[PDB]
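*Asks:* File follows, start39.pdb with PDB, C-alpha atoms and all ligand atoms:
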MODEL        1
ATOM      1  CA  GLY A  16      11.341 -18.633   4.649
ATOM      2  CA  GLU A  17       7.593 -18.359   3.844
ATOM      3  CA  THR A  18       7.182 -17.110   0.256
ATOM      4  CA  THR A  19       3.475 -17.998  -0.262
ATOM      5  CA  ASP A  20       1.475 -15.334  -2.166
ATOM      6  CA  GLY A  21      -0.699 -13.093   0.042
ATOM      7  CA  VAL A  22      -0.736 -10.021   2.258
ATOM      8  CA  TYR A  23       1.777  -9.754   5.161
ATOM      9  CA  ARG A  24       2.301  -7.558   8.205
ATOM     10  CA  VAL A  25       5.666  -5.783   8.569
ATOM     11  CA  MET A  26       6.634  -5.899  12.256
ATOM     12  CA  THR A  27       9.490  -4.589  14.431
ATOM     13  CA  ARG A  28      10.789  -5.535  17.881
ATOM     14  CA  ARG A  29      12.962  -2.309  18.140
ATOM     15  CA  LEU A  30      10.255  -0.278  19.877
ATOM     16  CA  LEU A  31       8.199  -1.429  22.955
ATOM     17  CA  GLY A  32       6.733  -4.953  22.459
ATOM     18  CA  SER A  33       6.134  -5.951  18.817
ATOM     19  CA  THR A  34       4.933  -2.992  16.720
ATOM     20  CA  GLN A  35       3.356  -3.162  13.254
ATOM     21  CA  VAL A  36       5.143  -0.552  11.031
ATOM     22  CA  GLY A  37       3.325  -1.513   7.797
ATOM     23  CA  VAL A  38       2.015  -4.158   5.348
ATOM     24  CA  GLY A  39       3.172  -5.743   2.047
ATOM     25  CA  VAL A  40       2.237  -8.051  -0.862
ATOM     26  CA  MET A  41       4.012 -11.320  -1.713
ATOM     27  CA  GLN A  42       3.645 -12.181  -5.413
ATOM     28  CA  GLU A  43       5.882 -14.287  -7.676
ATOM     29  CA  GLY A  44       8.621 -14.608  -4.988
ATOM     30  CA  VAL A  45       8.857 -10.788  -4.576
ATOM     31  CA  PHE A  46       7.775  -8.827  -1.486
ATOM     32  CA  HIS A  47       6.281  -5.381  -2.348
ATOM     33  CA  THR A  48       5.833  -2.598   0.244
ATOM     34  CA  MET A  49       6.124   1.219   0.630
ATOM     35  CA  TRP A  50       9.593   2.750   1.091
ATOM     36  CA  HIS A  51       8.649   4.648   4.276
ATOM     37  CA  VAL A  52       7.719   1.368   6.021
ATOM     38  CA  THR A  53      11.190  -0.251   5.889
ATOM     39  CA  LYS A  54      13.476   2.669   4.798
ATOM     40  CA  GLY A  55      15.112   0.111   2.443
ATOM     41  CA  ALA A  56      16.252  -2.120   5.359
ATOM     42  CA  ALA A  57      16.536  -5.924   5.133
ATOM     43  CA  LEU A  58      13.540  -7.959   6.340
ATOM     44  CA  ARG A  59      13.234 -11.362   8.059
ATOM     45  CA  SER A  60      10.839 -14.240   7.257
ATOM     46  CA  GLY A  61      11.251 -16.784  10.042
ATOM     47  CA  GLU A  62      14.837 -17.978   9.655
ATOM     48  CA  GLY A  63      15.136 -16.656   6.055
ATOM     49  CA  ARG A  64      16.182 -13.214   4.860
ATOM     50  CA  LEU A  65      14.696 -10.780   2.306
ATOM     51  CA  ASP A  66      17.055  -8.297   0.709
ATOM     52  CA  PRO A  67      16.029  -5.117  -1.123
ATOM     53  CA  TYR A  68      16.217  -5.326  -4.916
ATOM     54  CA  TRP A  69      14.643  -2.109  -6.222
ATOM     55  CA  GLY A  70      13.462   1.048  -4.469
ATOM     56  CA  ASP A  71      12.604   4.738  -5.014
ATOM     57  CA  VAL A  72      11.761   7.477  -2.416
ATOM     58  CA  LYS A  73       9.683   9.598  -4.830
ATOM     59  CA  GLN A  74       7.426   6.707  -5.943
ATOM     60  CA  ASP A  75       7.572   5.567  -2.243
ATOM     61  CA  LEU A  76       7.979   1.884  -3.226
ATOM     62  CA  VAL A  77      10.469  -0.951  -2.603
ATOM     63  CA  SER A  78      10.626  -4.621  -3.794
ATOM     64  CA  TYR A  79      12.476  -7.552  -2.105
ATOM     65  CA  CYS A  80      14.131 -10.597  -3.808
ATOM     66  CA  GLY A  81      13.269  -9.392  -7.321
ATOM     67  CA  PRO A  82      11.872  -6.657  -9.542
ATOM     68  CA  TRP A  83       8.398  -5.097  -8.886
ATOM     69  CA  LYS A  84       5.735  -7.525 -10.277
ATOM     70  CA  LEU A  85       2.440  -5.656  -9.715
ATOM     71  CA  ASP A  86       1.205  -3.998 -12.912
ATOM     72  CA  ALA A  87      -2.637  -3.939 -12.859
ATOM     73  CA  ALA A  88      -4.146  -0.435 -13.115
ATOM     74  CA  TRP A  89      -7.394   1.230 -11.949
ATOM     75  CA  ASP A  90      -9.838   1.608 -14.891
ATOM     76  CA  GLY A  91     -10.904   5.172 -13.952
ATOM     77  CA  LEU A  92     -14.536   4.318 -13.143
ATOM     78  CA  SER A  93     -14.978   1.113 -11.086
ATOM     79  CA  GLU A  94     -15.146   0.521  -7.342
ATOM     80  CA  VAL A  95     -12.032  -0.981  -5.771
ATOM     81  CA  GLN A  96     -11.365  -2.857  -2.527
ATOM     82  CA  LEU A  97      -8.822  -1.797   0.055
ATOM     83  CA  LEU A  98      -7.614  -4.980   1.775
ATOM     84  CA  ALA A  99      -6.743  -3.100   4.974
ATOM     85  CA  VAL A 100      -4.486  -4.947   7.440
ATOM     86  CA  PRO A 101      -4.600  -2.760  10.604
ATOM     87  CA  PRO A 102      -2.311  -3.132  13.655
ATOM     88  CA  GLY A 103      -3.546  -5.850  16.053
ATOM     89  CA  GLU A 104      -6.675  -6.264  13.911
ATOM     90  CA  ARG A 105      -7.740  -8.892  11.382
ATOM     91  CA  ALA A 106      -7.374  -8.189   7.597
ATOM     92  CA  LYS A 107     -10.568  -6.607   6.204
ATOM     93  CA  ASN A 108     -11.898  -5.717   2.697
ATOM     94  CA  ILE A 109     -13.436  -2.230   2.371
ATOM     95  CA  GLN A 110     -15.142  -1.441  -0.958
ATOM     96  CA  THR A 111     -14.949   2.189  -2.165
ATOM     97  CA  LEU A 112     -15.059   4.325  -5.306
ATOM     98  CA  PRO A 113     -11.806   6.232  -5.582
ATOM     99  CA  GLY A 114     -11.416   9.934  -6.234
ATOM    100  CA  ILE A 115      -8.632  11.706  -8.160
ATOM    101  CA  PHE A 116      -5.327  13.341  -7.215
ATOM    102  CA  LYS A 117      -4.625  15.888 -10.004
ATOM    103  CA  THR A 118      -0.871  16.564 -10.439
ATOM    104  CA  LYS A 119       1.370  18.530 -12.897
ATOM    105  CA  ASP A 120       2.405  15.119 -14.401
ATOM    106  CA  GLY A 121      -1.093  13.587 -14.675
ATOM    107  CA  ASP A 122      -3.976  12.092 -12.614
ATOM    108  CA  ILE A 123      -3.730   9.287  -9.991
ATOM    109  CA  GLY A 124      -6.559   7.381  -8.285
ATOM    110  CA  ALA A 125      -7.191   8.046  -4.581
ATOM    111  CA  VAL A 126      -8.942   6.080  -1.835
ATOM    112  CA  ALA A 127     -10.581   8.154   0.900
ATOM    113  CA  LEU A 128     -10.485   5.831   3.890
ATOM    114  CA  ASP A 129      -8.740   6.690   7.175
ATOM    115  CA  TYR A 130      -6.454   4.063   8.755
ATOM    116  CA  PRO A 131      -3.514   4.094  11.239
ATOM    117  CA  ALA A 132      -0.015   4.799   9.796
ATOM    118  CA  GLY A 133       0.894   1.114  10.387
ATOM    119  CA  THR A 134      -1.634   0.129   7.673
ATOM    120  CA  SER A 135       0.837   1.527   4.949
ATOM    121  CA  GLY A 136       1.460  -1.045   2.211
ATOM    122  CA  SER A 137      -2.061  -2.555   2.310
ATOM    123  CA  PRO A 138      -3.022  -3.480  -1.284
ATOM    124  CA  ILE A 139      -5.849  -1.922  -3.322
ATOM    125  CA  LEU A 140      -7.674  -4.503  -5.545
ATOM    126  CA  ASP A 141      -9.816  -4.637  -8.708
ATOM    127  CA  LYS A 142     -12.913  -6.943  -9.220
ATOM    128  CA  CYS A 143     -10.500  -9.691 -10.522
ATOM    129  CA  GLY A 144      -8.475  -9.632  -7.259
ATOM    130  CA  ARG A 145      -5.455  -8.031  -8.977
ATOM    131  CA  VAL A 146      -3.319  -5.568  -6.975
ATOM    132  CA  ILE A 147      -3.768  -2.167  -8.621
ATOM    133  CA  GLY A 148      -1.676  -0.237  -6.051
ATOM    134  CA  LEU A 149      -0.715   0.228  -2.393
ATOM    135  CA  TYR A 150      -2.353   2.416   0.294
ATOM    136  CA  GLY A 151      -0.158   4.599   2.553
ATOM    137  CA  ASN A 152       1.039   7.658   0.643
ATOM    138  CA  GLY A 153      -1.179  10.683   0.255
ATOM    139  CA  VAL A 154      -2.372  13.844   1.947
ATOM    140  CA  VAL A 155      -4.230  15.212   5.006
ATOM    141  CA  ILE A 156      -7.289  17.213   3.912
ATOM    142  CA  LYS A 157      -8.906  20.214   5.774
ATOM    143  CA  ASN A 158     -11.016  17.664   7.790
ATOM    144  CA  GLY A 159      -7.904  16.125   9.382
ATOM    145  CA  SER A 160      -8.601  12.786   7.590
ATOM    146  CA  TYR A 161      -6.074  11.010   5.250
ATOM    147  CA  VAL A 162      -6.683  10.405   1.544
ATOM    148  CA  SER A 163      -4.127   7.969   0.061
ATOM    149  CA  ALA A 164      -3.039   7.760  -3.551
ATOM    150  CA  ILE A 165      -3.347   4.444  -5.406
ATOM    151  CA  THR A 166       0.473   4.000  -5.667
ATOM    152  CA  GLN A 167       1.552   1.566  -8.395
ATOM    153  CA  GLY A 168       5.027   0.582  -9.542
ATOM    154  CA  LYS A 169       6.227  -0.227 -13.041
ATOM    155  CA  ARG A 170       6.846  -3.857 -14.220
ATOM    156  CA  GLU A 171      10.127  -4.119 -16.252
TER     157      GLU A 171
ATOM    158  CA  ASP B  50      15.331  -5.921  12.856
ATOM    159  CA  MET B  51      12.072  -6.033  10.900
ATOM    160  CA  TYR B  52      10.149  -9.214  10.072
ATOM    161  CA  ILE B  53       7.040 -10.422   8.193
ATOM    162  CA  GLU B  54       3.961 -12.454   9.262
ATOM    163  CA  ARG B  55       1.238 -13.723   6.897
ATOM    164  CA  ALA B  56      -2.026 -11.764   7.169
ATOM    165  CA  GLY B  57      -4.167 -13.574   4.572
ATOM    166  CA  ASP B  58      -5.074 -14.119   0.904
ATOM    167  CA  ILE B  59      -5.481 -11.368  -1.667
ATOM    168  CA  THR B  60      -9.064 -11.877  -2.916
ATOM    169  CA  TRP B  61     -12.005  -9.637  -3.809
ATOM    170  CA  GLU B  62     -14.843 -10.176  -1.297
ATOM    171  CA  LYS B  63     -18.455  -9.747  -2.381
ATOM    172  CA  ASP B  64     -20.797  -8.138   0.173
ATOM    173  CA  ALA B  65     -17.974  -6.069   1.693
ATOM    174  CA  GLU B  66     -18.616  -2.853   3.694
ATOM    175  CA  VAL B  67     -18.973  -0.108   0.978
ATOM    176  CA  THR B  68     -17.787   3.237   2.425
ATOM    177  CA  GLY B  69     -15.578   6.271   1.592
ATOM    178  CA  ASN B  70     -16.002   9.225  -0.724
ATOM    179  CA  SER B  71     -14.355  10.082  -4.156
ATOM    180  CA  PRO B  72     -12.820  13.591  -3.851
ATOM    181  CA  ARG B  73     -10.937  15.450  -6.609
ATOM    182  CA  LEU B  74      -7.862  17.059  -5.006
ATOM    183  CA  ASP B  75      -5.189  19.334  -6.536
ATOM    184  CA  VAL B  76      -1.848  18.006  -5.229
ATOM    185  CA  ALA B  77       1.981  18.337  -5.693
ATOM    186  CA  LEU B  78       4.566  15.589  -5.098
ATOM    187  CA  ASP B  79       8.038  16.595  -3.880
ATOM    188  CA  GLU B  80      11.478  14.906  -4.315
ATOM    189  CA  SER B  81      10.995  13.204  -0.890
ATOM    190  CA  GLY B  82       7.789  11.443  -2.123
ATOM    191  CA  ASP B  83       5.525  13.626   0.054
ATOM    192  CA  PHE B  84       2.174  14.858  -1.295
ATOM    193  CA  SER B  85       0.809  18.315  -0.505
ATOM    194  CA  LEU B  86      -2.375  20.286  -1.228
ATOM    195  CA  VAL B  87      -2.231  22.942  -3.931
ATOM    196  CA  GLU B  88      -4.792  25.781  -3.718
TER     197      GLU B  88
HETATM  198  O1  LIG A 201       2.565   8.749   7.499
HETATM  199  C1  LIG A 201       1.933   8.321   6.541
HETATM  200  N1  LIG A 201       2.449   8.242   5.292
HETATM  201  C2  LIG A 201       3.784   8.541   4.908
HETATM  202  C3  LIG A 201       4.778   8.659   5.879
HETATM  203  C4  LIG A 201       6.087   8.938   5.516
HETATM  204  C5  LIG A 201       6.383   9.145   4.176
HETATM  205  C6  LIG A 201       5.395   9.044   3.206
HETATM  206  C7  LIG A 201       4.082   8.762   3.557
HETATM  207  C8  LIG A 201       6.000   9.281   1.850
HETATM  208  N2  LIG A 201       7.278   9.920   2.197
HETATM  209  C9  LIG A 201       7.704   9.449   3.523
HETATM  210  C10 LIG A 201       0.491   7.953   6.714
HETATM  211  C11 LIG A 201       0.042   6.704   6.277
HETATM  212  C12 LIG A 201      -1.255   6.314   6.521
HETATM  213 CL1  LIG A 201      -1.802   4.759   5.957
HETATM  214  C13 LIG A 201      -2.137   7.143   7.190
HETATM  215  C14 LIG A 201      -1.700   8.367   7.661
HETATM  216  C15 LIG A 201      -0.401   8.779   7.410
HETATM  217  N3  LIG A 201       0.009  10.077   7.888
HETATM  218  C16 LIG A 201      -0.438  10.819   8.917
HETATM  219  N4  LIG A 201       0.189  11.975   8.963
HETATM  220  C17 LIG A 201       0.997  11.914   7.882
HETATM  221  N5  LIG A 201       0.920  10.811   7.173
ENDMDL
END
Would you mind writing the file's structure down as structure tokens?

*Replies:*
Amino acid sequence: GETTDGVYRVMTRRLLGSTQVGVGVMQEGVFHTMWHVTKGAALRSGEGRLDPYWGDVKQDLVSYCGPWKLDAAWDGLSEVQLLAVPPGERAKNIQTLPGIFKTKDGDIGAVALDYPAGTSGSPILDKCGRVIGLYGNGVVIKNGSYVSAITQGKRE
Amino acid sequence: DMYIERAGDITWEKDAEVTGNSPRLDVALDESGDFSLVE
């Protein structure tokens, strides 16, 4: 169906009413979201159908119709924008300077903004508008708040 | 069955609400893609 570039809500009619389970990016005919949003299941776009193409539980990412296309990376010092698409609420840009998740395999950027679980898949942007990662996978700090990693795939 | 609805364009917006901190956290990632705090 609709393949126009942009940010999309991932909805389900399985639970009560229509519930937003997450968000995704449409770019170059490929839909990009987090694995925990869809669990790898097929998606619907009006009458059309989107089938999974690539996915990985550890990275927590999945692409639909083609290989992962997003390859921009955070520069390590600049402010980014979370284009948060919350349930029942209008899409909204929130500017922030990300922190750092230090791991045994290297350092990943991290946005410290708290949003409902249905906001998972919302894209993180650089000053050029390029998608540098997706919001939705991270940790719960001592405060009770959520700090998400800047999760980026690999472009083949 | 899950479906998608357009939510808008992907553009950087000048004069956006600047909030959030930049913490440095020690974390581990498991085989199930779940992050955890290491202390
Ligand atoms: O649930 C969330 N994220 C998540 C869920 C399931 C899985 C993963 C990440 C990766 N492996 C499977 C979440 C997402 C957002 Cl945007 C804000 C809070 C959140 N949480 C609250 N408690 C716990 N996560």

*Asks:* Would you list the contacts of residue 71 in chain B as a PyMOL selection string, taking every protein, DNA or RNA residue within 6 Å and counting all atoms listed in the file, but skipping same-chain residues closer than 3 positions in sequence?

*Replies:* chain A and resi 112-114

*Asks:* Which is closest to residue 147 in chain A among A:123, A:109, A:56, A:30, if we use all atoms listed in the file?

*Replies:*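 Answer, going by the shortest atom-to-atom distance: A:123.
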
*Asks:* Pull out every residue that the PyMOL selection byres (((chain A and resi 73) around 12) and not hetatm) matches in the shown coordinates and put them as a list in words.

*Replies:* residues 49, 50, 51, 70, 71, 72, 74, 75, 76, 77, 152, 166, 167 and 168 of chain A; 77, 78, 79, 80, 81, 82, 83 and 84 of chain B

*Asks:* Since I can't run it myself right now, could you work out what the PyMOL selection byres (((not hetatm)) within 12 of (chain A and resi 201)) selects here and report it as a PyMOL selection string?

*Replies:* (chain A and resi 35-38+48-55+71-76+97+99-102+126-138+149-156+159-166) or (chain B and resi 78-85)

*Asks:* Quick one, how far is CA of residue 61 in chain A from CA of residue 43 in chain A?

*Replies:*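 If I compute the distance from CA of residue 61 in chain A to CA of residue 43 in chain A, I get 18.7 Å.
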
*Asks:* What is the distance between CA of residue 21 in chain A and CA of residue 40 in chain A, in Å to one decimal?

*Replies:*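 We find that CA of residue 21 in chain A and CA of residue 40 in chain A lie 5.9 Å from each other.
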
*Asks:* Tell me which of A:107, A:84, A:117, A:64 sits closest to chain B, counting all atoms listed in the file.

*Replies:*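 Checking each candidate against chain B, we get A:117 as the closest.
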
*Asks:* Name the residues that the PyMOL selection byres (((chain B and resi 60) around 8) and not hetatm) pulls out of this structure, and write them as a ChimeraX atom specification.

*Replies:* /A:140,144 /B:58-59,61-62

*Asks:* Quick one: 4 Å padding each side, axis-aligned, all listed atoms of range 60-79 of chain B - centre and edge lengths in Å to one decimal, as lines of an AutoDock Vina configuration file?

*Replies:*
center_x = -6.4
center_y = 3.7
center_z = -1.5
size_x = 36.8
size_y = 39.2
size_z = 18.3

*Asks:* Would you mind reading off the distance between CA of residue 67 in chain B and CA of residue 111 in chain A, one decimal, in Å?

*Replies:*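 Here the two named atoms are 5.6 Å from each other.
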
*Asks:* So, with all atoms listed in the file as the atoms that count, which of A:141, A:66, A:90, A:171 lies closest to chain B?

*Replies:* A:141

*Asks:* Closest to chain B among A:80, A:88, A:26, A:65, using only C-alpha atoms?

*Replies:*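 Ranking A:80, A:88, A:26, A:65 by distance to chain B, first place goes to A:26.
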
*Asks:* Which of these residues is nearest to residue 55 in chain B, using all atoms listed in the file: A:106, A:58, A:143, A:85?

*Replies:*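 Answer, going by the shortest atom-to-atom distance: A:106.
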
*Asks:* Write a file for range 40-62 of chain A of the given structure; include N, CA, C and O atoms and format it as a PDB file, in the first residue's frame.

*Replies:*
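After the write, result_16.pdb holds the following:
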ATOM      1  N   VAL A  40      10.277   3.397  10.630  1.00  0.00           N
ATOM      2  CA  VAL A  40      10.714   4.323   9.580  1.00  0.00           C
ATOM      3  C   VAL A  40      10.545   3.699   8.195  1.00  0.00           C
ATOM      4  O   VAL A  40      10.974   2.567   7.980  1.00  0.00           O
ATOM      5  N   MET A  41       9.984   4.445   7.242  1.00  0.00           N
ATOM      6  CA  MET A  41       9.876   3.950   5.875  1.00  0.00           C
ATOM      7  C   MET A  41      10.938   4.703   5.080  1.00  0.00           C
ATOM      8  O   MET A  41      10.960   5.928   5.107  1.00  0.00           O
ATOM      9  N   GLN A  42      11.867   3.988   4.453  1.00  0.00           N
ATOM     10  CA  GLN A  42      12.927   4.628   3.685  1.00  0.00           C
ATOM     11  C   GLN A  42      13.354   3.703   2.595  1.00  0.00           C
ATOM     12  O   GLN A  42      13.665   2.560   2.892  1.00  0.00           O
ATOM     13  N   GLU A  43      13.352   4.167   1.344  1.00  0.00           N
ATOM     14  CA  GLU A  43      13.753   3.382   0.173  1.00  0.00           C
ATOM     15  C   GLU A  43      12.935   2.070  -0.015  1.00  0.00           C
ATOM     16  O   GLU A  43      13.482   1.041  -0.415  1.00  0.00           O
ATOM     17  N   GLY A  44      11.634   2.127   0.261  1.00  0.00           N
ATOM     18  CA  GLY A  44      10.748   0.974   0.116  1.00  0.00           C
ATOM     19  C   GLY A  44      10.905  -0.101   1.182  1.00  0.00           C
ATOM     20  O   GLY A  44      10.392  -1.212   1.013  1.00  0.00           O
ATOM     21  N   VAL A  45      11.619   0.212   2.286  1.00  0.00           N
ATOM     22  CA  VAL A  45      11.867  -0.720   3.387  1.00  0.00           C
ATOM     23  C   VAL A  45      11.341  -0.138   4.698  1.00  0.00           C
ATOM     24  O   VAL A  45      11.620   1.016   5.015  1.00  0.00           O
ATOM     25  N   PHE A  46      10.559  -0.920   5.446  1.00  0.00           N
ATOM     26  CA  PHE A  46      10.047  -0.485   6.733  1.00  0.00           C
ATOM     27  C   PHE A  46      10.994  -0.982   7.816  1.00  0.00           C
ATOM     28  O   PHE A  46      11.315  -2.155   7.829  1.00  0.00           O
ATOM     29  N   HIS A  47      11.488  -0.084   8.696  1.00  0.00           N
ATOM     30  CA  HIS A  47      12.451  -0.435   9.744  1.00  0.00           C
ATOM     31  C   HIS A  47      11.808  -0.248  11.103  1.00  0.00           C
ATOM     32  O   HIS A  47      11.297   0.817  11.367  1.00  0.00           O
ATOM     33  N   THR A  48      11.859  -1.249  11.983  1.00  0.00           N
ATOM     34  CA  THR A  48      11.304  -1.101  13.337  1.00  0.00           C
ATOM     35  C   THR A  48      12.160  -1.945  14.331  1.00  0.00           C
ATOM     36  O   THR A  48      13.217  -2.453  13.961  1.00  0.00           O
ATOM     37  N   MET A  49      11.748  -2.021  15.593  1.00  0.00           N
ATOM     38  CA  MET A  49      12.437  -2.844  16.574  1.00  0.00           C
ATOM     39  C   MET A  49      11.775  -4.209  16.600  1.00  0.00           C
ATOM     40  O   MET A  49      10.556  -4.308  16.386  1.00  0.00           O
ATOM     41  N   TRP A  50      12.572  -5.271  16.823  1.00  0.00           N
ATOM     42  CA  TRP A  50      12.060  -6.636  16.837  1.00  0.00           C
ATOM     43  C   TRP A  50      10.953  -6.838  17.857  1.00  0.00           C
ATOM     44  O   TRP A  50       9.977  -7.519  17.556  1.00  0.00           O
ATOM     45  N   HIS A  51      11.107  -6.295  19.070  1.00  0.00           N
ATOM     46  CA  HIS A  51      10.106  -6.504  20.123  1.00  0.00           C
ATOM     47  C   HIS A  51       8.737  -5.858  19.865  1.00  0.00           C
ATOM     48  O   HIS A  51       7.806  -6.094  20.622  1.00  0.00           O
ATOM     49  N   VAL A  52       8.622  -5.038  18.827  1.00  0.00           N
ATOM     50  CA  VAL A  52       7.374  -4.383  18.478  1.00  0.00           C
ATOM     51  C   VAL A  52       6.471  -5.377  17.727  1.00  0.00           C
ATOM     52  O   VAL A  52       5.299  -5.548  18.076  1.00  0.00           O
ATOM     53  N   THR A  53       7.036  -6.068  16.721  1.00  0.00           N
ATOM     54  CA  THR A  53       6.270  -6.960  15.865  1.00  0.00           C
ATOM     55  C   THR A  53       6.478  -8.445  16.121  1.00  0.00           C
ATOM     56  O   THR A  53       5.655  -9.247  15.670  1.00  0.00           O
ATOM     57  N   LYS A  54       7.590  -8.813  16.793  1.00  0.00           N
ATOM     58  CA  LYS A  54       8.043 -10.194  17.022  1.00  0.00           C
ATOM     59  C   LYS A  54       8.352 -10.926  15.688  1.00  0.00           C
ATOM     60  O   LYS A  54       8.324 -12.155  15.644  1.00  0.00           O
ATOM     61  N   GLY A  55       8.616 -10.167  14.626  1.00  0.00           N
ATOM     62  CA  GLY A  55       8.870 -10.711  13.304  1.00  0.00           C
ATOM     63  C   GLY A  55       7.627 -10.976  12.481  1.00  0.00           C
ATOM     64  O   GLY A  55       7.743 -11.452  11.356  1.00  0.00           O
ATOM     65  N   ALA A  56       6.424 -10.669  13.014  1.00  0.00           N
ATOM     66  CA  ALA A  56       5.159 -10.907  12.317  1.00  0.00           C
ATOM     67  C   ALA A  56       4.949 -10.006  11.106  1.00  0.00           C
ATOM     68  O   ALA A  56       5.490  -8.903  11.052  1.00  0.00           O
ATOM     69  N   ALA A  57       4.135 -10.471  10.144  1.00  0.00           N
ATOM     70  CA  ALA A  57       3.793  -9.700   8.959  1.00  0.00           C
ATOM     71  C   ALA A  57       3.000  -8.459   9.355  1.00  0.00           C
ATOM     72  O   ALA A  57       2.286  -8.472  10.357  1.00  0.00           O
ATOM     73  N   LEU A  58       3.118  -7.388   8.573  1.00  0.00           N
ATOM     74  CA  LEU A  58       2.386  -6.153   8.836  1.00  0.00           C
ATOM     75  C   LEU A  58       1.440  -5.827   7.669  1.00  0.00           C
ATOM     76  O   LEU A  58       1.609  -6.342   6.574  1.00  0.00           O
ATOM     77  N   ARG A  59       0.481  -4.940   7.891  1.00  0.00           N
ATOM     78  CA  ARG A  59      -0.475  -4.560   6.860  1.00  0.00           C
ATOM     79  C   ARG A  59      -0.410  -3.054   6.586  1.00  0.00           C
ATOM     80  O   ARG A  59      -0.178  -2.271   7.502  1.00  0.00           O
ATOM     81  N   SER A  60      -0.517  -2.654   5.320  1.00  0.00           N
ATOM     82  CA  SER A  60      -0.507  -1.238   4.956  1.00  0.00           C
ATOM     83  C   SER A  60      -1.703  -1.020   4.046  1.00  0.00           C
ATOM     84  O   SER A  60      -1.584  -1.151   2.826  1.00  0.00           O
ATOM     85  N   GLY A  61      -2.861  -0.774   4.649  1.00  0.00           N
ATOM     86  CA  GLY A  61      -4.105  -0.641   3.905  1.00  0.00           C
ATOM     87  C   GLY A  61      -4.502  -2.004   3.398  1.00  0.00           C
ATOM     88  O   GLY A  61      -4.698  -2.923   4.196  1.00  0.00           O
ATOM     89  N   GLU A  62      -4.549  -2.175   2.073  1.00  0.00           N
ATOM     90  CA  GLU A  62      -4.828  -3.487   1.495  1.00  0.00           C
ATOM     91  C   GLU A  62      -3.534  -4.317   1.317  1.00  0.00           C
ATOM     92  O   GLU A  62      -3.588  -5.551   1.335  1.00  0.00           O
TER      93      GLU A  62
END
